[PDB]
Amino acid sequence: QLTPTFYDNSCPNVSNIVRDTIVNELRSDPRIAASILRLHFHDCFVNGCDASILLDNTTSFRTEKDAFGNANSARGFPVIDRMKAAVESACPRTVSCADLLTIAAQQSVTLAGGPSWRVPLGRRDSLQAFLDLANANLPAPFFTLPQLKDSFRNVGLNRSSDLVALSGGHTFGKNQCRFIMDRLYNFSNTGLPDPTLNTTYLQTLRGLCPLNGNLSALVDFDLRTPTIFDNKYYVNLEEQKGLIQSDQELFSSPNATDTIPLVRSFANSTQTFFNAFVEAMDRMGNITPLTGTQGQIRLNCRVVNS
């Protein structure tokens, strides 16, 4: 069983070392908190939160970094290396990369203004990476609500609250134009924009992402508070201002009878959202972890110990 006090004796300063690393990085890269939270999400959705995503290529297995959902998208790996080195110095061979990334995600959320809580710990590191599983398990922005629900259920998160609350991770961070081009100019081969996208916001997005323009250009997930972790993400959905298809579907899908009330509840109360986010985050962090003597305490998060 995972427990929040796992390192209280072996490395009581781990959370502080992680926080310091992120605070320092945020000065030069204001996007790092969002990036780190996302790394944890992509770690947990592939064989569980086992730091499998941090592994680099080997001649026996491919890195998850080349998955469709990670390639030219996932970022912040060197920052994780930095905090890992710092933690290894303070507490040699004690904190797993899986746990380190979980703490980093929570601290990132808190630093960005979100809730503060102690995450369950005791996870251990994978002995391999899973590229095919990552391509199969990571959801995509073009997924329908039924597909989003399927993706979450596939990894063990059955609750619509899990999906609606965790999607709140899009209250900050960036998204490439490439992922919304269809919504802006030709949605579902209709030759028309996605009707669930507010027409005024549509104009703004078209200006940021012109047809035949730079598909790698970045746009903010939350037009209200781009870098602050808050419940504004849901207020946007209520106004048809969710950035990607998967965001807006939580409020506009024909299958959203169960998610609409959740979106409203989170938009109406920061407390309700924050409580749900912590609850869902801990559930996601409890997805098929390696514990006890299973796996290792990886020394270099990029390679399995030898």
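So that there is no doubt, residue numbering starts at 1 and follows the sequence shown.
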- Look up the CA B-factors in the entry and say which stretch, 169 to 177 or 109 to 117, has the higher mean. 109 to 117
- Pick between 8 to 16 and 278 to 286: the one whose mean CA B-factor in the entry is higher. 8 to 16
- Message: Take the CA temperature factors straight from the PDB entry and tell me which of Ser28, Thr259, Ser253, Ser52 peaks.
- Response: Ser28
- Message: If I read the C-alpha B-factors straight from the PDB entry, which of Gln248, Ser35, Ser265, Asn47 is highest?
- Response: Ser265
- Item | Record-listed C-alpha B factor of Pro195: chain third | middle
- By its CA B factor, does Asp222 count among the lowest, middle or highest third of the modelled residues in the chain? lowest
- For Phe273, return the chain-relative third of its C-alpha B-factor as stated in the PDB record: lowest, middle or highest. highest
- Message: Among the modelled residues of this chain, does the Cα B factor of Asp182 put it in the lowest, middle or highest third?
- Response: middle
- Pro141 - Cα temperature factor, lowest/middle/highest third of chain: lowest
